[PDB]
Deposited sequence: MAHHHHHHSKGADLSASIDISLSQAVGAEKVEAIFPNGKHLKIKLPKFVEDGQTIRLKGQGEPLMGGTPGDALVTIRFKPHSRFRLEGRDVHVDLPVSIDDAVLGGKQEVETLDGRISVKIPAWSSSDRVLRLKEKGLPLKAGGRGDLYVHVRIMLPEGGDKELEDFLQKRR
């Protein structure tokens, strides 16, 4: 037989699409199972492959749920707006409720990792009000007047 280890991103675990495995002896493309767990080992008939999740800074895993922070300009938080957020499945636009604070959380169902029992977990988007970087000097002037 032959034993090897492969690292796949979180998005690859969802997609199940084929991934390439390199063995010590030099030899395979394998379709990932619907339910993939970090550290899971698969016995491949006709030959042991270990699956490790590639680190994703943006995504923090809680079980099979996924959480991602969404930077949001002050204007978008007060007035609401549509902002694109990168996820496992792809880049998707998301609605920002009016008067959203940094505690706001948006729930997207079945966008998380597949569940063993079936279906998928959820992706939670944590609204985070950020300042631009270089400064505003329009907001800065407004607030000092207050």
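For this chain, the deposited residues without C-alpha positions form the stretches 1 to 12, 40, 61 to 72, 172, given in sequence order.
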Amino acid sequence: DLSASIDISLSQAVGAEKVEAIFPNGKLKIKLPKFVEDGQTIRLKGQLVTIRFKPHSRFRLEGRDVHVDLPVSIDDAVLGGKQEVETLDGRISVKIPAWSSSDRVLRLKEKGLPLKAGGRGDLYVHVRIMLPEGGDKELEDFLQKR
From here on, numbers count along this sequence of modelled residues.
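Comparing the deposited coordinates for 12 to 20 and 126 to 134, the stretch with the larger average C-alpha B-factor is 12 to 20.
Take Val68, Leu106, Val78, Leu61 and read off each C-alpha B-factor from the entry; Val78 has the highest.
Among the modelled residues of its chain, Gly119 has a C-alpha B-factor that falls in the lowest third, as given in the PDB entry. Ranked by Cα temperature factor within the chain, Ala98 sits in the middle third according to the deposited record. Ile92: CA B factor lies in the middle third for its chain, per the PDB record. When the modelled residues of the chain are ordered by C-alpha B-factor, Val36 sits in the lowest third.
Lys45: CA B factor in the middle third of modelled residues in this chain (values from the PDB entry).
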